[PDB]
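> Got a structure for you, questions after.
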Amino acid sequence: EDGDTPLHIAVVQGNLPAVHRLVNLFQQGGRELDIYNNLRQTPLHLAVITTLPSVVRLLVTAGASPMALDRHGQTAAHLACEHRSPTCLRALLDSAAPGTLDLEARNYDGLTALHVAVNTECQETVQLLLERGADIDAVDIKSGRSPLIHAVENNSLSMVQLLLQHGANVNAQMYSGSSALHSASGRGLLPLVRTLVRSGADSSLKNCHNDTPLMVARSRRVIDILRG
């Protein structure tokens, strides 16, 4: 009945023994493990939110779906990344049966788990996602930007270097035709300009305004990096 969630409560209380007991009780009763509270969270969602990798493992092995969406369309992988929890992300990926967990899932905003991870500045979740097959060039509908472009706009030299190291397309363009280099160049982000150029960014690429990164260059310093 409504308003009582013994399983959700057992999870938030970090009581694995009680979760175990309840999982068995729900199963024997034929009940769904992926039942929602009023916040549209499943017990598995809450296991990730509470950072309980052992409970994550238990629920997933018991049949809880890593693709169940929360109120914002987040999968369990999205939530692990939101909560900067490499251990929960690992528990999910390792415990999920093959063919059940898709890392290309887009939440309601349109982002993949990789986009979320890049935005949190957590190198650990980003690396694990890529190691497990996340599309490094995935483009969300809202922004039209790859994770690389997101990192550049966040002015995160660490995420930029990490993505490039894992084979990110340095010449991905947004809807307007601007690349990561246009962004770094127009905003005077020197360290990022250096890295992108050295990594092979195309400085002759024209956007919708017919501008190259050189043409939007903010300062004589950026300009000089771009000329070589």
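Chain A is numbered as in Swiss-Prot; the shown residues are, in order, 133-360.
Looking at the header, which is where the method is noted, we find X-ray crystallography, 1.9 Å.
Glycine too: its Cβ is placed from the backbone N, Cα and C atoms.
Straight from Swiss-Prot, here's the annotation block:
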- 134-163: repeat 'ANK 1' (REPEAT)
- 171-200: repeat 'ANK 2' (REPEAT)
- 204-235: repeat 'ANK 3' (REPEAT)
- 241-270: repeat 'ANK 4' (REPEAT)
- 275-304: repeat 'ANK 5' (REPEAT)
- 308-337: repeat 'ANK 6' (REPEAT)
> Take the repeat 'ANK 4' (241-270) and find every residue of the same chain, 6 or more past its ends, with a Cβ under 8 Å from one of its Cβ atoms.
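204-205, 207, 209-210, 212-214, 216-218, 221-222, 225, 235, 278-280, 282-283, 286, 288, 290-291, 294-295, 298-301, 304.
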> Below 8 angstroms Cβ to Cβ, which residues of this chain, lying six or more residues outside the repeat 'ANK 5' (275-304), approach it?
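Same-chain contacts beyond the flanks: 242, 244, 246-247, 250-251, 253, 255, 258-259, 262, 268-269, 311-313, 315-316, 319, 321, 323-324, 327-328, 331-334, 337.
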> Against which stretches of its own chain does the repeat 'ANK 6' (308-337) lie, if we need a Cβ under 8 Å and a gap of at least six residues from its ends?
280-281, 284-285, 287, 289, 292-293, 296, 302, 343-346, 348-351, 353-354, 357-358, 360
